[PDB]
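What follows is a single chain, given as structure tokens, in the form deposited in one PDB entry.
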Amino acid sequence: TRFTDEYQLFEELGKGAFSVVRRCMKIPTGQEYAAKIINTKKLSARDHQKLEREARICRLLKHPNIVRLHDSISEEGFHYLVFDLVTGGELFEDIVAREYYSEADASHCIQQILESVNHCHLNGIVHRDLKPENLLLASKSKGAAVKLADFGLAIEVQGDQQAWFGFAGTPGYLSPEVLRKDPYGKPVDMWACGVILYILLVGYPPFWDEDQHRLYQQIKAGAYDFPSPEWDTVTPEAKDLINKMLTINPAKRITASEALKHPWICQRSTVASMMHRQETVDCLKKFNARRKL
């Protein structure tokens, strides 16, 4: 009964089909947290496994770019995962509020995302649902680091053991191997990082169709473009990283630590363009609006 007795519940930060996240304060310290609240009534043994796996994954991952777990509390009927509170909102909503936004800032963001995908992979965790809603920002007052969130769909892998761990993911970000029902692993997070990198540069997604089945065929072919004019001002090194992240052969796809050594990431001041990209800001506003529905 540790949560009800020591915490005060506040407003809802987000809601889904099977959980809710609410802000909360610890009554003794006055420190503020985010509580993920899961109904544990009448779960199967399969669901109990998934929920204790989520709590295990969140306890293990300690990294400046991953939401930090403060306590996992089991009350009768409910489970609470209590994370340190990050107040900076979604990454993509902070970007559209910037008056200066360049490839160097995109590279900065993707470098933090990559550090976190890397830390997951070193601990043998595949996130499987990288997407803008899962990319929070720490307060500008605390450094504005990017925070990877929500490991509810994550899996634990041993070494490079690859298998068909079932369908999971969000359609625009799904890798070709998942869509083929082929065995997959860590590379599915690098594919998603390439879709996010792409959107971070131009404000719209690399694969898109109003017909989801045609969307899937485009993904499986790996058929994205760098159309003029917007891509004409983008450096070739940034286009090269996308190319290595969006390869349909998962064995040849670049890995997270290899991508942290790409010159566009680790030689940012000399390689990434520093011009403001106002057309990306505008497209991203339309991107963010559509995803809100």
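Residue numbers here begin at 1 and follow the sequence given. If you superpose the two forms and keep the largest set of C-alpha atoms that fall within 1.5 Å, you have the rigid core.
One more form of this protein should be noted, the form deposited in another entry, which is absent from this view; the next part is about it.
Lining up the core between this form and the one not shown shows that one residue from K261, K42, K252, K62 moves its Cα 2 Å or more, and that residue is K42. With the core held fixed, the Cα of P171 is displaced between this form and the one not shown by less than 2 Å. Taking the rigid core as fixed, one finds a CA shift for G143 of 2 Å or more between this form and the one not shown. Relative to this form, in that other deposited form the C-alpha atoms of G143 and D71 separate from one another by 3 angstroms or more.
By 3 Å or more, the C-alpha separation between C109 and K142 shrinks in that other deposited form relative to the form shown here.
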